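**Student:** Handing you this structure, nothing more for now.
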Ligand SMILES: [Mg+2]
Ligand SMILES: [Mg+2]
Ligand SMILES: [Mg+2]
Ligand SMILES: [Mg+2]
Ligand SMILES: [Mg+2]
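Residue numbers (PDB author numbering), protein chains in the order written: chain C, 5 to 380; chain A, 5 to 380; chain B, 5 to 380.
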């Protein structure tokens, strides 16, 4: 059985009968007629609404944490996947793999109507990237978010604030290892690691970048992937954040992201070499410094450079201290936030030092990334 | 009458005839065939294009102010509402309720084809949230925007710059009580009120938050909804803005949002207790300080804290003045913008004081919120 | 031949037979039935998916530079244009006009399946804005981007980083003359010109705005379109940037956008009057200062004002130096970045001077705009 048809040009001056259906052979679609409107009413092909992802609440993430190891996709969520229309009329549980402390997971809605998480960010086990659509993810932290203002524990669990979807997420290209602070912006859960090109900026249980362990040189700014910076200047850490679509925090962002940490308390000892791990000779465990949003080592471990200048100035003469990229005159300090392991009672969510010019490279300054919250 | 149909798998190898219409029984949609392409051309179900909202000009708001109390939705606006395609081929009047000075209104496109405003932000009177779709809103201000640089008047009217829609709006979750400054970013029409949890940050005829009338403690940072901060430090104002998805202005934003105010002039008297209302003993009326964008009390009434540091530093010694959240070293002032009622000829759209550390909490400093402009 | 049909209310209780197709006469669409679900499964009209623009990779631009004067639209790109569905299953060459050094081009997808560029931003030659849909563009630069840190050449060619599309672009309303820096944010290729209202902020071979040649007064802040500012204070440049949906760069942005320039080198001579052109008496050619991203005269030519305050303060005494818009107390310097033609070895991608208050207006300070990267 074939229906009445013709080109779009033939349809343009065609007022059919009421309830007549024809086929536009140029467009390969149906045109409905009403016996009055010339041209009729063409229907949409599926090609145009592929990649459709609709949520009932566009200003909230698509998933809900229901327990330490469990989560659900929300009701009224519709996801086009592999030509199919997969929807969830009620809250539906997400099928989890084995969960391992300090690991990021992707959530997929598959063409068979199921929803599931996986450590693989191309495709979940038993599927391909065609039959399973990556729609979001979360971080499975090594410890809880702070319930009050005394840090958290060492019980691994899903960080509820780390839940992102493809329309509710970090603006940074890579959303992994980040958490949403008070609904306003995202922060890296972990301090920047040396090997941030392969690991991303925010990873559990890696060597922390600082003035004595400089980060890998950005491949977007002359790095080859092996080379590191010679030191931990503000300039270098800032460059690394730009590489990853992030920036260093300002004071408003830092006090927000670090809230929940144990205030006026430092790690103690002689160093904090590693993210999410007790420091060298430390008197407080890493989890003492977990913020309400699951920011790990949020204060009292290492200063983070900040994206703000002020305080003590350098010399009022040109000083070539930018790694060979010009000189500075009356250069103000770049902000340092949080305090370090040796700061005793000066550390906190509002701890700030404005005595270091951006060229300084001590062992006790690293960096934490932040970025804008993106709704699509 | 029933049509030839099968599963998607049966359709995959099926190359029918030209102008053949079949039914995919898995997708419950029509598949047009051309007698050549295997699989055919599946058509889109309506579920995938619910929440459709299309504007002719995506880089501008969907509505136009046509007078003090009237507005239209723009031609070429298509709006899906409860199954129905509602479109406006010409500029169409919005049905208005009684308009009350200093009130925010929501605009709805209803399934009967009408468009109407209402002070209720769930549903207009005579409709529900299902038969009426909130697509935007505006602020009906207590006075005019400034036509030049001498403030405005006291004739209540729609603020054209306060018009927002669901794809042209403040990035902050709550778009109410904000105005678009020079197309670049949004600013709170009103200074922050004490009771901002219930009122939002920007509300007419409320008590202003300052150093001697601290804002309600953010419920995202340890507040219970009843208690206020112990004082009105920069820290607390910045936190309140973060809560609401906003920030304090920088100097570039402040001069823009305040342009149109009466420069080098202050409210006079002894206080400015209330938004959108004359100050206590004021020698200038409140409307003298309305900006071009309809920012009320934009200068010369109360300083706003700013999101920028510099100027005079605190001691080059660790100072525990952050409300118990660490110490600061060589802490630069946080900018103050605009001047207060007591600032005589120092006030204006570029008035700035950089002698106040963030720990200061005076009766003459409050806050005004800003946030990014969001196009979707 | 007419099909069974009725209103939407009649369709509500109607459960048809499997594979039945009726016509909703209110919606003028087809409803597929399955013999169980009441209401059936309505199909979408084409009206709801007009403006459809879909890319395989939504986190990258839709085009690829394939040579100095050639480019292609990417595989998997689907564009609605004038009723048609135009798709490119493989990388498809863009038809180019004559390309002229220092010119912006728009890319159009047309309703005959062709893709083409044109210097005209309303429609390409041989088409209208109805039969040709503007979906992006690029800058054809007067010389290459920097391959390393010695600037670029003077071979006119497409700047790969200046490629934008309608869903991958500067947040600023006008995306022309900008380039994407490290995937993170957009920068003006050229320093701000005097005639920025008609030219945009970023244009080749125009007079550069600075303290001795003030920019046109913004028409959003009291300008008539002919008058220039009384001087080139920070305030005026910041206002111009706000007008165009941009801002001055912070330190993190400046070091990123200028990377690739010839470091510790200045233009020399007595002046740099013009964008993309050798300075007056210059000892280094303009292209020596082209950055990796194709930012022209990125360092060593004129200082840019920055959107950050610190360093040397003005008097701790109210000073009326804001052009009649209030007074400032302890005003910190506004950052200057890059060095100017007379800065010898002090110039570079991290050159900074914090000794000029915002009220200063010398011949060697101009401005460069930046804005956020927008993905839709
Ligand atoms: Mg270390
Ligand atoms: Mg700043
Ligand atoms: Mg008060
Ligand atoms: Mg000049
Ligand atoms: Mg500063």
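Positions of the beta carbon are idealized from the N, C-alpha and C atoms, including for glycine.
1) Taking a cut of 9 Å between CB atoms, which residues from the region 221 to 255 of chain C lie near chain B?
2) At a cut-off of 6 Å, is residue 277 of chain C close to ligand 1 when judged by its beta-carbon and the heavy atoms of the ligand?
3) Ligand 4 and residue 237 of chain B: does any heavy atom of the ligand fall closer than 6 Å to the residue's C-beta?
4) Quick check on residue 218 of chain C - is its C-beta less than 7 Å from some C-beta in chain A?
5) With 7 Å set as the bound, which would you pick, yes or no: does the beta-carbon of residue 331 of chain A sit closer than that to a beta-carbon of chain C?
6) Report yes or no: is there a C-beta of chain C within less than 7 Å of the C-beta of residue 258 of chain A?
7) Shorter than 6 Å, the distance from the beta carbon of residue 257 of chain C to the closest heavy atom of ligand 2, or not?
8) Under the criterion of a Cβ to heavy atom distance below 6 Å, does residue 369 of chain B qualify as lining ligand 3?
9) Do we get a CB-CB distance below 7 Å when we pair residue 46 of chain C with the residues of chain B?
10) Hey, is residue 341 of chain B close to ligand 5, as in C-beta under 6 Å from one of its heavy atoms?
11) Is it right to say residue 8 of chain B is buried, meaning 16 or more other beta carbons lie within 10 angstroms of its own, or is it exposed?
12) Using the beta-carbon count (16 or more within 10 Å), is residue 321 of chain A buried or exposed?
13) Let me know the secondary structure DSSP gives residue 267 of chain B once reduced to three states.
14) What are the start and end residues of each continuous beta strand (DSSP E) run of 3 or more residues lying completely inside the region 181 to 220 of chain C, in chain order?
15) So is residue 6 of chain B in contact with chain C if we call contact Cβ pairs under 7 Å?
16) May I ask you to check if the CB of residue 243 of chain B is nearer than 6 Å to at least one heavy atom of ligand 5?
17) Using a threshold of 7 Å, state whether the C-beta atoms of residue 50 of chain B and residue 44 of chain B are closer than that.
18) Determine, for residue 353 of chain A, whether the minimum Cβ-Cβ distance to residues of chain B falls below 7 Å.
19) Does ligand 1 have a heavy atom nearer than 6 Å to the CB of residue 217 of chain C?
20) By a C-beta neighbour count over all protein chains shown, 10 Å radius and 16 as the cutoff for buried, is residue 216 of chain A buried or exposed?
21) Residue 58 of chain B touches chain C at which residues, Cβ-Cβ below 7 Å?
22) Between the C-alpha atoms of residue 157 of chain C and residue 103 of chain C, what's the straight-line distance to the nearest angstrom?
23) Name, please, each residue of chain C whose Cβ falls closer than 7 Å to the Cβ of residue 328 of chain A.
24) Run the Cβ filter for me: residues under 5 Å from any heavy atom of ligand 5, listed in the order they occur in the chain.
25) Hey, how far is the Cα of residue 122 of chain C from the Cα of residue 380 of chain C?
26) Short of 8 Å Cβ to Cβ, which residues in the region 8 to 24 of chain C face chain B?
27) Buried or exposed: where does residue 314 of chain B fall if 16 or more other Cβ atoms within 10 Å of its Cβ makes it buried?
28) Ordered along the chain, which non-local residues of its own chain (more than five positions away) have a Cβ less than 6 Å from that of residue 31 of chain B?
29) Where does residue 36 of chain B sit, in a helix, a strand or coil, going by DSSP?
30) Residue 90 of chain C to residue 138 of chain C, Cα distance in whole Å?
31) Cα-Cα, which of C:344, C:319, C:255, C:110 is closest to residue 100 of chain C?
32) Can you pull the chain B residues whose beta carbon is under 9 Å from the beta carbon of residue 173 of chain C, in chain order?
33) Please name the residues in the region 66 to 100 of chain C whose beta-carbon is closer than 8 Å to at least one beta-carbon of chain A, in chain order.
34) Counting only Cβ-Cβ distances shorter than 9 Å, please list the residues of the region 280 to 311 of chain B near chain C, keeping chain order.
35) Based on the DSSP output, what are the partners of residue 137 of chain C in its beta bridges?
36) I want to know whether the region 244 to 260 of chain A touches the region 236 to 251 of chain B - three or more CB-CB distances under 8 Å.
**Tutor:** Looking at the atomic coordinates:
1) Of all residues in the region 221 to 255 of chain C, 222, 224, 225, 226, 238, 239, 242, 243, 245, 246, 247, 248, 249, 250, 251, 252 have a Cβ within less than 9 Å of some Cβ in chain B.
2) Yes - ligand 1 has a heavy atom lying nearer than 6 Å to the Cβ of residue 277 of chain C.
3) Every heavy atom of ligand 4 is 6 Å or more from the Cβ of residue 237 of chain B, so no.
4) No, residue 218 of chain C does not count as interfacial toward chain A.
5) Judged by the 7 Å Cβ criterion, residue 331 of chain A is in contact with chain C.
6) Not flagged as an interface residue toward chain C: residue 258 of chain A, since no C-beta distance is shorter than 7 Å.
7) Residue 257 of chain C: no, Cβ never under 6 Å from ligand 2.
8) Not so, every heavy atom of ligand 3 lies at least 6 Å from the Cβ.
9) Cβ-Cβ to chain B under 7 Å: yes for residue 46 of chain C.
10) No, ligand 5 has no heavy atom inside 6 Å of this Cβ.
11) Burial call: exposed.
12) Residue 321 of chain A comes out exposed.
13) In the three-state scheme derived from DSSP, where H, G and I count as helix and E and B as strand, residue 267 of chain B is classed as coil.
14) Listed in chain order, they are 182 to 185, 189 to 192.
15) True, the Cβ-Cβ gap to chain C drops below 7 Å.
16) No, the beta carbon of residue 243 of chain B sits no closer than 6 Å to any heavy atom of ligand 5.
17) Contact flag unset, no.
18) With respect to chain B, the C-beta atom of residue 353 of chain A has a partner C-beta closer than 7 Å.
19) Judged by the Cβ position, residue 217 of chain C qualifies as a neighbour of ligand 1 at the 6 Å threshold, a heavy atom of the ligand being closer than this.
20) Using a 10 angstroms sphere on the CB of residue 216 of chain A, the tally of other CB atoms stays under 16, which defines it as exposed.
21) The answer, in chain order, is 54, 55.
22) So the two alpha carbons sit approximately 17 Å from each other.
23) What residue 328 of chain A touches in chain C: 267, 268.
24) Taken from the N-terminal end onward, the list reads C:313, C:314, A:313, A:314, B:313, B:314.
25) Rounded to the nearest angstrom, the two C-alpha atoms are 24 Å apart.
26) Correct list: 8, 12, 21, 22, 23, 24.
27) Buried, because 16 or more other Cβ atoms sit within 10 Å of the Cβ of residue 314 of chain B.
28) Here the set comprises nothing.
29) Three-state result, residue 36 of chain B: strand.
30) Cα to Cα, the separation comes out at about 13 Å.
31) The candidate whose alpha carbon is nearest that of residue 100 of chain C is C:110.
32) Within 9 Å Cβ-Cβ: nothing; residue 173 of chain C doesn't reach chain B, min ~11 Å.
33) Correct list: 82, 84, 87, 88, 89, 91.
34) When C-beta distances to chain C are compared with 9 Å, the residues of the region 280 to 311 of chain B below that value are 296, 303, 304, in chain order.
35) For residue 137 of chain C, which the question treats as bridged, DSSP gives the partners C:113.
36) Taking a contact to require three or more Cβ pairs closer than 8 Å, the region 244 to 260 of chain A and the region 236 to 251 of chain B qualify as touching.
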